[PDB]
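Reminder, nothing fancy here: chain letters follow the sequence lines and each chain counts from 1.
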Amino acid sequence: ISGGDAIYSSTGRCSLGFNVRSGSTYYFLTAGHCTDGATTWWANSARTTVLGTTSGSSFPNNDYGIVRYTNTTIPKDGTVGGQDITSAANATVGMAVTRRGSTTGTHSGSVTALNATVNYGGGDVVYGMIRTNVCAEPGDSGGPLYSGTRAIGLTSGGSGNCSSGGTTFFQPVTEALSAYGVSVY
Amino acid sequence: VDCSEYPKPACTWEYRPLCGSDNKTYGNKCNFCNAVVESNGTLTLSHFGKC
C-alpha cells in the first residue's frame with residue numbers, strides 16, 4: 001500500500017498520506033480530522049485487511065495524524081502510487097505540486113499561498129496551511145501532496161471540485177514528521 | 001443532518017456519503033449542506049449512504 005491509497009476507519013474513508021518510520025517502527029501519516037476519534041484502520045471497505053491503529057492525532061489547529069502499522073505482511077512502499085519519495089521539503093509560492101487521493105486519483109497544480117488560515121466552522125480552525133489551485137473531493141483527505149520525489153503536505157480540505165476546478169489546502173508534512181520524530185523512506 | 005451553520009467556505013475531504021434528492025451521492029455532510037445552500041434550499045436529504 002502506498003501514498004494516495006484508500007484507508008478505512010470505523011467512520012469513513014480517507015487516503016494514506018505517506019509511509020514513514022522511526023527506527024524499525026512503521027507508521028503512516030494521514031489527516032488529523034481522519035484520525036480524530038478513529039482507533040483501527042483497514043485497507044478495504046470490507047474491513048478484512050487490518051493496517052494498524054492510531055498513535056496520534058492533531059486537529060483542529062493543525063491537521064495531521066499518525067497510524068502505527070500492526071499488519072506485518074502488507075507491503076509498505078515509500079512511494080506515492082508508483083512515484084518514489086526520497087525526502088521532504090517546504091512548500092514555496094509558485095511551486096508545482098501533485099496530489100494523489102483515493103477518490104480522484106492524481107491531479108497537479110501550484111502552491112498559491114502559505115500560512116493560510118482555514119475555518120471549517122464549529123471551532124475547527126486550522127492554521128499555517130499551504131494553499132493551492134489543486135482540486136480534491138471527499139475521500140481525498142490525508143492524501144499526499146508531493147513535488148517530484150519530495151514530500152510536501154497532507155490533504156486537508158478546501159472547496160470546488162475536479163470538474164470545475166477548486167482550491168485545496170494542505171498541512172505541511174515537515175511539521176508532522178517533526179512532531180512524531182519520523183521520516184520518509 | 002442540519003444545514004443551518006451553512007454555508008461554510010471550506011470542507012474537510014473525508015468520505016461519509018449521503019444521498020441527495022437529486023440522486024447525487026454527496027461525499028460528506030459539509031459537501032451536502034453547501035449544495036443545499038447553493039440550491040437555495042431546494043435540495044433535500046434522501047437517505048444516508050450512497051444513492
Problem - For B/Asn31 against A/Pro138, the heavy-atom pair lying closest together - result: CG-CG, 4.2 Å
Practice task
Examine whether an atom of A/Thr155 lies under 4.5 Å from a heavy atom of chain B, and if so say whether it belongs to the side chain, the backbone or both; otherwise answer neither.
Solution key: side chain
Fill in the blank from the handout: Interface check, chain B: of A/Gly12, A/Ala31, A/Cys14, A/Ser156, most non-hydrogen pairs under 4.5 Å belong to A/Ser156
Fill in the blank from the handout: Against chain B, residues from residues 86-124 of chain A with at least one heavy atom under 4.5 Å, in numeric order, are A/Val118, A/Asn119, A/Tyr120, A/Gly121
Practice task
Decide whether A/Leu177 and A/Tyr146 are clustered together by the hydrophobic rule: side chain heavy atoms of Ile, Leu, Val, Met, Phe, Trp, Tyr closer than 4.5 Å, transitively.
Solution key: yes
Completion exercise
Taking every heavy atom of A/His33 against every heavy atom of B/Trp13, the minimum-distance pair comes out as NE2-N, 3.9 Å
Exercise for the section: Using the rule that two of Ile, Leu, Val, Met, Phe, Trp, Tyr join whenever any of their side-chain heavy atoms come within less than 4.5 Å, decide whether A/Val134 and A/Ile85 are in one cluster. Expected result: no
Handout entry: A/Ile7-A/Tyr27 co-clustered via ILVMFWY side chain contacts under 4.5 Å
Key = no
Exercise for the section: Check the hydrophobic clustering (I, L, V, M, F, W, Y; side-chain heavy atoms under 4.5 Å; chains of links allowed) and say if A/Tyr69 and A/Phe18 are grouped together. Expected result: no
Problem - Hydrophobic cluster identity match, A/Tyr180 and A/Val173, side-chain contacts under 4.5 Å - result: yes
Problem - Between B/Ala10, B/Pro17, B/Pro9, B/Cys30, the one whose heavy-atom pairs under 4.5 Å with chain A are most numerous - result: B/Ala10
Handout entry: Interchain contact, A/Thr168 with chain B, by part (heavy-atom threshold 4.5 Å)
Key = side chain
